[PDB]
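Protein chains in written order, with the entry's author numbering: chain A, 150 to 1016, 1017A, 1018 to 1424; chain B, 239 to 386; chain C, 467 to 546.
Every residue, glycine too, gets a C-beta built ideally from N, C-alpha and C.
To start, the structure under review is shown below, and the notes come after it.
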Amino acid sequence: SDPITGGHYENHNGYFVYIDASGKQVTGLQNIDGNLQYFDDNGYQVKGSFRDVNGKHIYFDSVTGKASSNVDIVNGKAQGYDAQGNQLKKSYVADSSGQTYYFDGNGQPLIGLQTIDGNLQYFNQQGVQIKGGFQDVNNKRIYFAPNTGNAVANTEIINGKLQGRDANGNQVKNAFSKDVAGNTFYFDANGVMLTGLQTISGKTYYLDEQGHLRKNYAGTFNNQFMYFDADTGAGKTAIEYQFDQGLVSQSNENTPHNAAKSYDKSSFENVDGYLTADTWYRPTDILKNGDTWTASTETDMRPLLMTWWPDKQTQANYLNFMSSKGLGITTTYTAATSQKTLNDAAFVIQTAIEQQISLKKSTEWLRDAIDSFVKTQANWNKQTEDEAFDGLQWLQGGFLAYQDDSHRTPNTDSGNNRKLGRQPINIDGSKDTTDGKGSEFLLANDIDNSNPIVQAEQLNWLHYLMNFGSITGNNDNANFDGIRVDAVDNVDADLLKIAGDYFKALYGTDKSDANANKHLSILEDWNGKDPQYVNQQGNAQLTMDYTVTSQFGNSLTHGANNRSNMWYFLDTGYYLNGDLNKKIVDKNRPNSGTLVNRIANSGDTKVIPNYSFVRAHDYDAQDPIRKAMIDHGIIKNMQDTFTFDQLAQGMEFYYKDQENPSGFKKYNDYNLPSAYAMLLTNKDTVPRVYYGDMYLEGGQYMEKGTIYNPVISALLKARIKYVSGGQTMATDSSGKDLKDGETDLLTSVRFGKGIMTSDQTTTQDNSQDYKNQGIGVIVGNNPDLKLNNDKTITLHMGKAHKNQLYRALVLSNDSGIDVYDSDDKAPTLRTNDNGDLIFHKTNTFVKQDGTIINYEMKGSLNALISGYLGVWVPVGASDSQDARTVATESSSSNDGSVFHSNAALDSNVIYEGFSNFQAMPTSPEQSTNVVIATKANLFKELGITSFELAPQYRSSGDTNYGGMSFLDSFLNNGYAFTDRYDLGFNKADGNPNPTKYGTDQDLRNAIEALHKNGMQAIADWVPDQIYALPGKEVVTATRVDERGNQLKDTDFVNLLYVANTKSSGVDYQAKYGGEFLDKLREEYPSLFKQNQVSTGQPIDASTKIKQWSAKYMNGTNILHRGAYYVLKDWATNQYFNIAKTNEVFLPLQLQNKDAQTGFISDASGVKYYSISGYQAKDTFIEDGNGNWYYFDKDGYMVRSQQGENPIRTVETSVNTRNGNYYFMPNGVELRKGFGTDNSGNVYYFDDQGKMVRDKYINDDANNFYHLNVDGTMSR
Amino acid sequence: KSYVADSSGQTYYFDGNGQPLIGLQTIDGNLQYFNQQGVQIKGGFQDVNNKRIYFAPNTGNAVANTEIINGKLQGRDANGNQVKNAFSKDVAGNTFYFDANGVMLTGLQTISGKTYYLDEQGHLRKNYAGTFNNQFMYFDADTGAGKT
Amino acid sequence: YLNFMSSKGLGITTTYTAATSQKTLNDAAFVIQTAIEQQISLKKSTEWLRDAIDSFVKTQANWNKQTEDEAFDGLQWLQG
Ligand SMILES: OC[C@H]1O[C@H](O[C@H]2[C@H](O)[C@@H](O)[C@@H](O)O[C@@H]2CO)[C@H](O)[C@@H](O)[C@@H]1O
Ligand SMILES: OC[C@H]1O[C@H](O)[C@H](O)[C@@H](O)[C@@H]1O
Ligand SMILES: OC[C@H]1O[C@H](O)[C@H](O)[C@@H](O)[C@@H]1O
Ligand SMILES: OC[C@H]1O[C@H](O)[C@H](O)[C@@H](O)[C@@H]1O
Ligand SMILES: [Ca+2]
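Here it is, written out as structure tokens:
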């Protein structure tokens, strides 16, 4: 059947009905939103029963009522049916009880023993499949598997002894047989399971006390060591050396030809002196065309991997890969292949290479072949980087922290800076060991804001933005007024003080509220303990108030059906025993509740100044918009890259869902008008309004208003006219649960300019402004809310408004929300003697002149609401009425603080005026900042006092040097940028080069336009990171989580890595970097002398940052390059280098010396030489058959002696590998198995050979073992 | 474009190019997931993406399941979302009901105008006769709903 | 019976159940009886019907081994 959408589900008499978009009750088979359902003739939905439509016999599910497969006992005999209702042939079907039948070619179920797809199965006389049990079919007895039902070997206990049964149902005699768990046993001639050490068929196996065959198990069995095979469990003496490579010399007739022309940067492609897997070098001679050796010319570069390899495994892989590209006999080579053979094979490939270079007259084909091959190898890709997605790692796949390592990577040393996670609550590091350490790593290249030099540069940038117009256009009216601090908890909290003190010095923000409020500044500070920090520090920037944003989520904004009560908005716990009668403040609660109590807020108790919002560019936007794209198959993952066209298509579904007349929302938020009604009437907050609630989040800037625009616009204008004075808030509710009459409808009131209380009748200053001010707001979260006929709902407009006429601004109903622009067009209602507006289930209102109106207090459901909303204002409001308070020039407070929550601060409204998912401008005329200039007027009249612009920085775009791209970057929203000072300047050739938002002139025009209309402009200050730096350096890196803590089980610790950390040095960061600091030090010395908390030091302007590099970074997101992309010799663990001729280290082949490689015995023990010709000391080495060995400081393999403990404690240059290992007599390290010591104690050794302590360990056969603290196994 | 099980009984799915699939995948209309190794999981919960999901012991298919957190059981659906205000199964075959809180409901419960009987363990009882309201009630074999 | 004979061209092919009204089944049995007498005149034989009845009868559980509890354990192995 054809699908339908936009009809609600209703329940009558215990049954689901579905009412169409048409408004018609539905009968018959119906595909509703991709689910196939049925309704009988009364309109009820069928669940857990079969129905007959057309030729089909269709079952519907017992929970959902959705069409699915079942077996029906049609007439006498069972018959299978699919989801579409077709009788099934030659197919399995499971019925409602989870029982399985197989129906044959005629549709009739098979009974008895059967073979299906090579699987033996049994069926009872009713056709049902036996699963997970024995069964006596014929002479035999057969066990059948739990889920497949396939015949399998199993053991059962007959009498008191275990017995073995095979797959054919025959008992096992003189043989090995398994059980379902996975354990192997052996059963003798008499049928009885064997135990202990047993020799059968010339081989010895060890069976434990339980009779389990033990594989990969070491122990002294014959009073002599014995290792039991991983494959079959058969005992080897482990006396024979398993390495297959003797010491061999590699030098031959080609060595001097392929050796390096020079041991320096001329002849070797490199990074900071080091070599990489894809390094090309200049050989002394070149086998041109594969015929004749000729001296090389400077341009004749060849890949290092043509001639050298880190190990035989890599060499073999190189040979196999290049072979596959037509370069020689296609080969299966292994690390086990002899070194000589691999080298000979590499030369026939070299010959072939030189032939295709002559044939193509190009080397680009080879660059691509090498690049591709290199990425194949685990050590040269992300497989050795430990990609993880938990926590902030979710964004880009994981982080590396750079290290101070003056010996190997001195340019990258930070000078003992890089203090990580100095967020506000951990500004002094005193929570470094707990979760209270800040998540310093977020995105891209994380800047080291704990470094004084970098702190000074952030101030330079800050100055540049606050004087952007002066500096870039000599236009003193085109300057930003205030800032938003991006990612506060992901940076060193000193930046707050630096910014605060700058504003104090330059604008005297600590002097008056007028000064402070002229430079409105906000924080993106998510941590729940940030508000109290910010307030202790004097509120230099306004904290967000997540507690109210949160409660909107729970009670209104999130979820179609189940929501927290509106009661929770009150936070009655604020008062002792929620005594709303007694109102005694609770001096000592468990660090909980909403930031500002509004139950009876008369402005008498000091509160923390704040901004608050319902949504943001980065809250309830990014996830829904992507879930919508995922849901319609446009992308697969949240991290996945999408194109702008892909975004546009998804946006169409997002919009369809948002404006859905059904009233249901899958991705979008519910009750946004109702949420704004509360946000915009709340005392003691600077509300912020999200562009995307006013206009559509995609496409062009201001292209099309949202359905919420009228209501929010009305609320905003009404806020100018009526919102002042004290507040009260109550609910028809006392807690989680509602008594009989209770509605849980919230009533929020404001009184007028000087009126602070319910019972206050007049102002102290005898101003009359109050009489036509004030507002009443009623809101619910229940669309199915019906009042009792008894019930009355009251707005206590206050005793300053006795007998006054009030008129509606906004009233909800079943098709939308009506908006009333002026007193004449709206229904009036008059307050009583005590000043209460009384409401009933049914109301008859009269217009002041026009007519009589009917209205029910009814929860409604439509695109604009899921609940109730009523807003009422006093009639008689002047056209120019302004209830706002101007900020006072006087030094009102000696507290030292900048912002103060009061009527003046509350008179402000911030507009967050962009969306991250805007389309790119189709023309210069439609660029955001051009549009803002033409439309400035419109925001003045909505009461916006500060305009929060998007970050104006040039997007890093599609640029991607490694690792996962982020949406900020490819959507060009300005949060991901390469140059911090480029805000849309022209290309150097003179051509325009706008950001997503327009040119730099367009920005200055936009900012001026806002000042011409009395609004401020907010700059997005983004100090935490920078993207896509084009220059490479070699850092020392450790793999870390968001807090900069080393991952628990990582090998990636202090390794050399190639990162992209260096800026172009010829960009706007080079022009303007540090330039304004000297002028500033001269003019305000104390800024440069004042100590910061986290460092104990003042900012350092002695060094200017014209070019970024690794020393000023904490780290980066993993770049998918590999743990050992920077080439290293396994034997000595030293990295190759060619920077200075006095400290060169190269493989000996490349210097035309003789490189010997392999294992060689001597009277003392075994030694090993790497492919580069150096002896292994204090290092682990892996042979060509995959076995691992440790070579001690003296250069000798560690091996166990008879009668001595095989377990050895290893302390190596590579620290991560430290631990206790188990080395066998032939030096092989035991891995992923148990090992007995000389005294009979059992230990376990992990994937990498380390002993495991103090935990339970599980087995593939479901055996559990326990390891004590000292390592021993209690089991 | 085929499944293969290796010697250890671990399963990979190789695509059109012979390269194994990784992450969340739909195959023959079945939702699954393969690890960084490239081997699919069986009878386990992997926290892939935003929410946790149980995997079929032999089929590896996404299925509703319930796991124990603290002392109180929870329900997870086939899409990996926790279940609120709904019935959900576990791998053994028992049905439970979960409220807004997610606590498994117990005893006689009336939801959506129908009455179901959940035993001490929270199992929905089908084809069960008993005097529930002091009055006889037979609970449906199909859905467990009480008829008189 | 009605469904089986219907399948052999003796009338409208029917899905009838035990739930079908007795009246409807009896009416349907007579239209099948009519059809039967026509094929007896057409063929001048009743052997075709003997074979049809024999086949139908074995279809029914009460008239075949399904109600006889076939088992093969012990000497029952030989003949069921
Ligand atoms: O297509 C369903 C299922 O097929 C495979 O399961 C195999 C299993 O891997 C083999 O060892 C074996 O026992 O036969 C089973 C059924 O074919 C895939 O391994 C699995 O991922 C997939 O769900
Ligand atoms: O669909 C796969 C499986 O579903 C079920 O678990 C049935 O018990 C089983 O027989 C079937 O193979
Ligand atoms: O020792 C007497 C008997 O013992 C066990 O039953 C053996 O399985 C059987 O072969 C032997 O005849
Ligand atoms: O998200 C806030 C929630 O925190 C915990 O879940 C509380 O138990 C709950 O009452 C509250 O609503
Ligand atoms: Ca940071």
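Close to A/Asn1412, with beta-carbon spacing below 9 Å, lies no residue of chain B; the smallest spacing is near 16 Å. Taking 7 Å as the threshold, the shortest C-beta distance from A/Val212 to chain B falls below it. Straight across, the Cα-Cα distance linking A/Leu453 with A/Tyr1339 is about 28 Å. For ligand 5, no non-hydrogen atom lies closer than 6 Å to the CB of A/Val637.
With its beta carbon at least 7 Å from every one in chain B, A/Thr533 lies outside the interface. For the segment 1046 to 1096 of chain A, the full-length beta strand (DSSP E) segments reaching 3 residues or more read 1059 to 1061 along the chain. Around the beta carbon of A/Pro810, a 10 Å sphere encloses fewer than 16 other beta carbons of the protein chains shown; the residue is thus reported as exposed. For B/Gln278, the distance from the CB to the nearest heavy atom of ligand 1 is below 6 Å. DSSP places A/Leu343 outside both helix and strand once states are collapsed to three, so it counts as coil. Around the beta carbon of B/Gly282, fewer than 16 other beta carbons sit within 10 angstroms, so the residue counts as exposed. With contacts defined as CB atoms closer than 7 Å, A/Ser1258 and A/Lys1289 fail to qualify as a contacting pair. Excluding five sequence positions before and after A/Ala975, the CB atoms of its chain that fall closer than 6 Å to its own CB belong to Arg956, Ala957, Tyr969, given in chain order.
For A/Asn308, the shortest separation between its Cβ and any heavy atom of ligand 3 does not lie below 6 Å. By the neighbour-count criterion, in which a residue is buried when 16 or more other Cβ atoms sit within 10 angstroms of its Cβ, C/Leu508 is exposed. Placement of the Cβ of A/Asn339 at a distance of less than 6 Å from at least one heavy atom of ligand 3 is found. A/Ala294 is the residue among A/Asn255, A/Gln257, A/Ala294 whose C-alpha sits nearest the C-alpha of A/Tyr271. Between the segment 773 to 782 of chain A and the segment 1088 to 1103 of chain A there are fewer than three C-beta pairs closer than 8 Å, too few to call the two in contact. A/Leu719 places its beta carbon less than 7 Å from that of A/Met878.
In this model, C/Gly475 and B/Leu311 are separated by some 59 Å (Cα to Cα).
If you draw a straight line from the Cα of A/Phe988 to the Cα of A/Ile942, it comes to about 5 Å. When DSSP states are grouped into helix, strand and coil, A/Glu305 belongs to the strand group. Burial of A/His206 is indicated by the presence of at least 16 other C-beta atoms within 10 angstroms of its C-beta. Note: A/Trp429 is bridge-paired with A/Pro452 in the DSSP secondary-structure output.
Residues of chain B with a Cβ closer than 7 Å to the Cβ of A/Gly156 do not exist, since the nearest Cβ in that chain sits about 18 Å away. The C-beta of B/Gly384 comes no closer than 7 Å to any C-beta of chain A. Secondary structure note for A/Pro1023: its beta strand (DSSP E) is the uninterrupted segment 1018 to 1023. The continuous alpha helix (DSSP H) containing A/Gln488 extends over residues 488 to 509.
By the Cβ neighbour-count rule, A/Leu356 is buried, with 16 or more other Cβ atoms within 10 Å of its own. Using a CB distance below 9 Å, the part of the segment 213 to 232 of chain A facing chain C consists of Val223, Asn224, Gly225, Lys226, ordered along the chain.
By the Cβ test, the segment 1084 to 1091 of chain A is not in contact with the segment 1034 to 1054 of chain A, since fewer than three Cβ pairs between them sit closer than 8 Å. For A/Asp728, the Cβ stays outside the 6 Å cut-off from all heavy atoms of ligand 5.
Taking CB atoms only, C/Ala494 has no neighbour in chain A less than 7 Å away.
Within chain C, the residues placing a beta-carbon under 7 Å from that of A/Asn287 are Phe538, ordered along the chain. For the pair A/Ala1158 and A/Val1020, the CB atoms are not nearer than the 7 Å cut-off. Here the C-alpha atom of B/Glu358 lies approximately 42 Å from the C-alpha atom of A/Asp735.
At a cut-off of 7 Å between beta-carbon atoms, B/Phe283 makes no contact with chain A.
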